Structure formats: C-alpha cells, structure tokens
Amino acid sequence: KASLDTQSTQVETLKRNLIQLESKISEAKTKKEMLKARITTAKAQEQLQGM
Amino acid sequence: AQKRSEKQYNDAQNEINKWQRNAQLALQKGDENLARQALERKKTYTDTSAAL
Amino acid sequence: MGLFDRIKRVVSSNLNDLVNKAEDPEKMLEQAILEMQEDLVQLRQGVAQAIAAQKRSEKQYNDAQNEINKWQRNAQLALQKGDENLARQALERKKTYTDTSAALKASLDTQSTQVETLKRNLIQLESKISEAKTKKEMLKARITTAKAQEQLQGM
Amino acid sequence: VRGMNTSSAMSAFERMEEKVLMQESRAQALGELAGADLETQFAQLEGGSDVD
C-alpha cells in the first residue's frame, strides 16, 4: 500500500507534467505557424519593394 | 464505394431490427440486463447510422 | 558546444531534404491505404478466427453440459444401486463441471462482448477508409481546375 | 524553463531573432518608401475619399 501510494503520487505528478508538456508543444506549434506567416509576409513585401 | 457504404448502412439497420426483436424477447424473459444491453446497442447503432 | 551547433544544423538540413523527396500525396496515400486494408483484412480474419474459437469453446461447453447430464443419470442409478461411494463421486464431479461451465460461460460472454466491439470497430474502420477515398476525389476535382487554366492558354 | 541552450530552446531563440530582424528589415525598407511625398499624399487622398 505504501509503495502503491508512492507510485500513485509519482504517476499523478508525471501526468500533470505530461499535460504541461503537451500544452507547451501545442503553443510551440502555434508559434511555428505564426512564424511561418511572418516569413511569407516578408517575401511579399520584398516583391512589392522591388517594383 | 457509396453503394458498399449503403450496404453496410443497411446491415446496421437490420441489426437494429434484430436488437429490437431481442429487446421485446428480453421483456418476455424478464431479465433486466438483456433489455438494458439492447437499448444501449440500439442507440450507438442509430448514431452510427445517422453519421453514415 | 561547437559539436552541438553543428549537429543541429546538419540534422535540420538532412530532415528537411528527406521529407521533401518523399512528400508525394499519391504514393503516401496508397501505402497508407494498403496498410489499413491489410490490417482490416487481418482484423476481419482475426474476428472470424475469434468467432471460430468461440464456437469451438461453445462445443466444449456443450460437451461439459452433456457430461453433467450423464453424471446426473449415473447419480440416479447410484441411488438405485445403493452404493454410497458412486453417489458421492457423481456429486463432486457435477460441482466442478458446473463451476467450469460457469467459468467458460463468463469467458465466452466476455469474448462475445469483445467480438461485437471488434465488429463495430471494423465497421468504423470501413467508414474511415471510404472517407479517405472521398478526400482524394475532392483533391482530384481541384486538380482539374488547375488543368482548366491551362486549357485557357490553349484557347 | 531554464532557457539554457537546448535542442528546442536553441532553435527557438534563433528563429525568433530572425523573425524580429526580418520584420525590422522590412520596416526599414518600407520607411524609405514611406518617406517619399507621393506615398503620404495617397493616404491623405484616401481618407477624404473614404469619408465621402
């Protein structure tokens, strides 16, 4: 039972950490998409810039 | 593919009828568990059929 | 620190080059389509095998029930015989067999529930592959639109 | 959390820097064009037209 309690606590902490990690990757993915949009805009500006 | 899908959909409808017959039979049997299972089976199948 | 920087640049360059070469919609979809279909065929075979196994199990269960009836007949015969030992043996035999039959029935019921779920899952899988096929048709329609623009140049 | 050099953290810092610099470069390119009188004139004309 003592071992089970320790295991349960570790699992709960790990699950919470995993959720936090999952949230972070999603944010990174959103940031990556945002970053891609910024890059595309610059090229268009450059094309406009030349003319 | 649609025709094949339709056949599958038709089979689901047939399954529901069989389940419906079983539910009626279950009531005659008087077993609560059999009747409950049939109702649950009918609902998921109906939802699946609607989705299909 | 220098090695780490070099590794990251090399990995990024290699990964980017590799994905582009293999990024073909038709080839990837076909491979994916083959795998799910193969899995579906295996799943269907497995379900059939499971059903066959259940049927075989049912036959064994039926045999146990038949054995109990034979034992029951023997018990009645034993009473007529008047031998205490024969009657006692029959009762013991009936109890273990009944327990075994109950266990088999429980296992069969669980298997029956499981096979039904598998069948439902298989139906869902069939719906899923069809949906994927529909997407390709939509993509094909888009491809035709591009062709139409080219037709304009010819005109 | 640390922000120390890492496989993901290192990549993020460089990309962010590139985004900031590229945007700044675009703005720098844009400002020279913006400085000219004709570009300014178009904006003024548009506002009057928009109100109408």
# chains A, B, ... in the order shown; residues from 1 in each chain; ligands from 1

$ residues_around --residues "residue 43 of chain B" --least-positions-apart "3" --cutoff "12 Å" --atoms "only C-alpha atoms" --output "VMD selection string"
chain B and resid 12 to 13 15 to 16 19 to 20 36 to 40 46 to 50

$ closest_atom_pairs --of "chain D" --to "chain C" --cutoff "10 Å" --atoms "only C-alpha atoms" --output "Markdown table"
| residue | atom | partner | partner_atom | distance |
| --- | --- | --- | --- | --- |
| D:5 | CA | C:1 | CA | 9.2 |
| D:6 | CA | C:4 | CA | 9.0 |
| D:7 | CA | C:8 | CA | 7.3 |
| D:8 | CA | C:8 | CA | 9.8 |
| D:10 | CA | C:5 | CA | 8.9 |
| D:11 | CA | C:8 | CA | 8.4 |

$ write_last_selection --atoms "C-alpha atoms" --output "tab-separated table (two decimals), in the first residue's frame"
chain	number	residue	atom	x	y	z
D	5	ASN	CA	20.95	26.02	-24.76
D	6	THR	CA	18.88	23.02	-25.81
D	7	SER	CA	17.67	21.15	-28.88
D	8	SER	CA	14.37	23.05	-28.76
D	10	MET	CA	18.38	26.94	-29.12
D	11	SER	CA	16.25	26.62	-32.25

$ interface_residues --of "chain C" --to "chain B" --cutoff "9 Å" --atoms "only C-alpha atoms" --output "list in words"
residues 120, 123, 124, 126, 127, 130 and 133 of chain C

$ closest_residue --among "D:3, D:23, D:36, D:17" --to "chain A" --atoms "only C-alpha atoms"
D:23

$ select_by_dssp --residues "chain D" --states "helix (DSSP H, G or I)" --output "JSON, numbers by chain"
{"D": [9, 10, 11, 12, 13, 14, 15, 16, 17, 18, 19, 20, 21, 22, 23, 24, 25, 26, 27, 28, 29, 30, 31, 32, 33, 34, 35, 37, 38, 39, 40, 41, 42, 43, 44, 45, 46, 47, 48, 49, 50, 51]}

$ residues_around --residues "residue 41 of chain A" --least-positions-apart "4" --cutoff "10 Å" --atoms "only C-alpha atoms" --output "list in words"
residues 36, 37, 45, 46 and 47 of chain A; 22, 23 and 26 of chain D

$ write_last_selection --atoms "N, CA and C atoms" --output "PDB file, in the first residue's frame"
ATOM      1  N   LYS A  36       5.810  31.097 -39.515  1.00  0.00           N
ATOM      2  CA  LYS A  36       5.727  30.837 -40.946  1.00  0.00           C
ATOM      3  C   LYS A  36       4.989  31.971 -41.653  1.00  0.00           C
ATOM      4  N   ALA A  37       3.925  32.459 -41.023  1.00  0.00           N
ATOM      5  CA  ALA A  37       3.132  33.543 -41.587  1.00  0.00           C
ATOM      6  C   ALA A  37       3.974  34.807 -41.725  1.00  0.00           C
ATOM      7  N   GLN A  45       6.479  41.505 -49.156  1.00  0.00           N
ATOM      8  CA  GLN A  45       6.880  42.896 -49.001  1.00  0.00           C
ATOM      9  C   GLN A  45       8.079  43.178 -49.894  1.00  0.00           C
ATOM     10  N   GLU A  46       9.010  42.231 -49.932  1.00  0.00           N
ATOM     11  CA  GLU A  46      10.208  42.367 -50.746  1.00  0.00           C
ATOM     12  C   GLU A  46       9.835  42.451 -52.217  1.00  0.00           C
ATOM     13  N   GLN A  47       8.878  41.627 -52.635  1.00  0.00           N
ATOM     14  CA  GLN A  47       8.446  41.642 -54.024  1.00  0.00           C
ATOM     15  C   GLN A  47       7.841  43.002 -54.351  1.00  0.00           C
TER      16      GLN A  47
ATOM     17  N   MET D  22      13.939  40.270 -39.620  1.00  0.00           N
ATOM     18  CA  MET D  22      13.331  40.302 -40.942  1.00  0.00           C
ATOM     19  C   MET D  22      12.211  41.330 -40.973  1.00  0.00           C
ATOM     20  N   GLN D  23      11.406  41.353 -39.916  1.00  0.00           N
ATOM     21  CA  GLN D  23      10.309  42.306 -39.817  1.00  0.00           C
ATOM     22  C   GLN D  23      10.870  43.719 -39.760  1.00  0.00           C
ATOM     23  N   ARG D  26      12.121  44.699 -43.127  1.00  0.00           N
ATOM     24  CA  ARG D  26      11.000  45.040 -43.994  1.00  0.00           C
ATOM     25  C   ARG D  26      10.514  46.446 -43.665  1.00  0.00           C
TER      26      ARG D  26
END

$ closest_atom_pairs --of "chain D" --to "chain A" --cutoff "10 Å" --atoms "only C-alpha atoms" --output "Markdown table"
| residue | atom | partner | partner_atom | distance |
| --- | --- | --- | --- | --- |
| D:8 | CA | A:28 | CA | 9.7 |
| D:12 | CA | A:28 | CA | 9.0 |
| D:15 | CA | A:35 | CA | 8.0 |
| D:16 | CA | A:35 | CA | 7.9 |
| D:18 | CA | A:39 | CA | 9.1 |
| D:19 | CA | A:38 | CA | 6.9 |
| D:20 | CA | A:38 | CA | 9.4 |
| D:22 | CA | A:42 | CA | 6.9 |
| D:23 | CA | A:42 | CA | 6.8 |
| D:24 | CA | A:42 | CA | 9.9 |
| D:25 | CA | A:42 | CA | 8.8 |
| D:26 | CA | A:42 | CA | 6.4 |
| D:27 | CA | A:45 | CA | 9.3 |
| D:29 | CA | A:49 | CA | 7.3 |
| D:30 | CA | A:49 | CA | 7.5 |
| D:33 | CA | A:49 | CA | 8.3 |

$ residues_around --residues "residue 58 of chain C" --least-positions-apart "3" --cutoff "12 Å" --atoms "only C-alpha atoms" --output "PyMOL selection string"
chain C and resi 50-55+61-65+101-102+104-109+111-112

$ atom_distance --atom1 "atom CA of residue 118 of chain C" --atom2 "atom CA of residue 100 of chain C"
26.3 Å

$ decode --residues "segment 24-35 of chain B" --atoms "N, CA and C atoms" --output "mmCIF file, in the first residue's frame"
data_model
loop_
_atom_site.group_PDB
_atom_site.id
_atom_site.type_symbol
_atom_site.label_atom_id
_atom_site.label_comp_id
_atom_site.auth_asym_id
_atom_site.auth_seq_id
_atom_site.Cartn_x
_atom_site.Cartn_y
_atom_site.Cartn_z
ATOM 1 N N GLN B 24 -37.734 -7.010 -27.195
ATOM 2 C CA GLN B 24 -39.094 -7.475 -26.948
ATOM 3 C C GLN B 24 -39.042 -8.847 -26.280
ATOM 4 N N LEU B 25 -38.139 -9.694 -26.773
ATOM 5 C CA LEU B 25 -37.931 -11.031 -26.229
ATOM 6 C C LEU B 25 -37.418 -10.942 -24.794
ATOM 7 N N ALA B 26 -36.540 -9.974 -24.550
ATOM 8 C CA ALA B 26 -35.960 -9.761 -23.228
ATOM 9 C C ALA B 26 -37.041 -9.416 -22.209
ATOM 10 N N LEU B 27 -38.014 -8.606 -22.623
ATOM 11 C CA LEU B 27 -39.112 -8.221 -21.739
ATOM 12 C C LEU B 27 -39.907 -9.459 -21.333
ATOM 13 N N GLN B 28 -40.147 -10.350 -22.295
ATOM 14 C CA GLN B 28 -40.852 -11.602 -22.035
ATOM 15 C C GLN B 28 -40.027 -12.464 -21.080
ATOM 16 N N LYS B 29 -38.714 -12.473 -21.299
ATOM 17 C CA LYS B 29 -37.775 -13.224 -20.473
ATOM 18 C C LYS B 29 -37.780 -12.706 -19.035
ATOM 19 N N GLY B 30 -37.895 -11.390 -18.881
ATOM 20 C CA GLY B 30 -37.910 -10.777 -17.567
ATOM 21 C C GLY B 30 -36.533 -10.474 -17.007
ATOM 22 N N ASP B 31 -35.501 -10.624 -17.830
ATOM 23 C CA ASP B 31 -34.143 -10.345 -17.384
ATOM 24 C C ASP B 31 -33.826 -8.865 -17.650
ATOM 25 N N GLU B 32 -33.510 -8.101 -16.604
ATOM 26 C CA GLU B 32 -33.209 -6.680 -16.745
ATOM 27 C C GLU B 32 -31.959 -6.392 -17.574
ATOM 28 N N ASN B 33 -30.924 -7.205 -17.388
ATOM 29 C CA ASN B 33 -29.658 -6.997 -18.086
ATOM 30 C C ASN B 33 -29.748 -7.093 -19.609
ATOM 31 N N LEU B 34 -30.494 -8.068 -20.118
ATOM 32 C CA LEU B 34 -30.620 -8.227 -21.561
ATOM 33 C C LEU B 34 -31.301 -7.021 -22.202
ATOM 34 N N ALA B 35 -32.353 -6.526 -21.559
ATOM 35 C CA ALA B 35 -33.088 -5.375 -22.071
ATOM 36 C C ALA B 35 -32.224 -4.119 -22.099
#
